[PDB]
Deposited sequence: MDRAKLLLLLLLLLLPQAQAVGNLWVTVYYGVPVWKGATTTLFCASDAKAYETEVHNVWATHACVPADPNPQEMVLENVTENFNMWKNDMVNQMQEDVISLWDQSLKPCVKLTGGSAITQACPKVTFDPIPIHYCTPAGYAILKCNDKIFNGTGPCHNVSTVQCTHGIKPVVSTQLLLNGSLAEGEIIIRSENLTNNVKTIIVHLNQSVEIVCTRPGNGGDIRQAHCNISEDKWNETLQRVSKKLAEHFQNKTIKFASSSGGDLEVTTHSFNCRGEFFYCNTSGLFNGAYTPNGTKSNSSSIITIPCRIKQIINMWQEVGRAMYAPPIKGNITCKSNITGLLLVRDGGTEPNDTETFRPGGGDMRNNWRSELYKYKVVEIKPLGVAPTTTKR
């Protein structure tokens, strides 16, 4: 075999008479998920991987874009400068896992080292036909509903010395977050998220330590997003079809060292007018549906950026990042590489 690109197919457990949009997309765009995924360990082999140059990420991005373009219809959309309007019915929206599969002549190699960081040689390599199932959650700041690192927390970046490069933190224990827009519900676009204060504190404490390992002789602190678009400044994500923007000030606030309530509460807004992630442009949806709009998720990853700077000052500070959704897919695709047999 030999590294290569080719045309992947997808697989899912989509139901075909369900109206939920990911389900409808997958049922026409993907194959049914094989009940019996063949995985074969390759004894006596080592392979180099580079999650940062994985064309599988490209194709997943392409799918998720098509899915969104076909499923979530804004009432108004701005693209070339060219505004257009169309029907914008409310929709049913809840991501399902999607598998990425290789066709005949090709195979997917999967690194199983628990220490693997995304680049360099891998020592326990197996071959599969498909990736594990991957929910295409679109978000900034917090990676929702991914898989967990198995060993210890992992730090990923294309280049840690480069402060422009987004750092992907792969958790190995999740921290639940529940976000909800209450029915009644005075401000219809008002919402909040709850996170277990102890569980978050524990999470940041451990991330700091990992981060300390790559930045020796540094105090490691966390600070609020440093600005830019609202989709990036807040933790944003779509929940049941509505675009939530949740302020993470109360999540990235100071230093976190090994030793209100039990719950951190974060304010959220639901917006109708949004910057699009698929491409440079703006979309405008209808006001939120009725009732309790709640999504309960597993924080399983983090997207961070390091301030850096030629300061003699020697405390590294880390802020929530995100916005390039290729990093979202990289956090799950990092251990796969397509190979021509």
*Could you list, start to end, the deposited-sequence stretches with no C-alpha atoms?*
1-34, 294-298, 381-392
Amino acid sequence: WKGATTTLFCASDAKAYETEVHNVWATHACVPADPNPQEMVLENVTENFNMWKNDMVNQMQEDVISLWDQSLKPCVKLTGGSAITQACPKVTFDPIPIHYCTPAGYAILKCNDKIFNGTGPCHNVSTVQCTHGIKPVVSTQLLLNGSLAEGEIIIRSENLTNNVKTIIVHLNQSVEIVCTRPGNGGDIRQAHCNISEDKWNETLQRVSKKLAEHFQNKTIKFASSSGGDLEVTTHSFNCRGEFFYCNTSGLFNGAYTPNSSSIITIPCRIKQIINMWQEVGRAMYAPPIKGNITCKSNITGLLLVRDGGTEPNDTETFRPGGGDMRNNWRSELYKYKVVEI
From here on, numbers count along this sequence of modelled residues.
*Higher-B stretch (mean Cα B-factor, as the entry records it), 42-50 or 295-303*: 42-50
*322-330 set against 6-14, stretch whose average Cα temperature factor tops the other in the entry*: 6-14
*What's the residue among 229, 242, 113, 94 with the greatest CA temperature factor in the PDB record?*
113
*At the C-alpha atoms, which of 184, 85, 131, 147 reaches the highest B-factor in this entry?*
184
*Lowest, middle or highest third - CA B-factor, residue 164*: middle
*Select lowest, middle or highest to describe the third in which the CA B-factor of residue 123 falls within its chain in this entry.*
highest
*asked:* What third of the chain does residue 106 rank in for C-alpha temperature factor, lowest, middle or highest?
replied: middle
*Going by the recorded CA B-factors, say which third of the chain residue 254 sits in, lowest, middle or highest.*
highest
*For residue 138, does the deposited CA B-factor place it in the lowest, middle or highest third of the chain?*
lowest
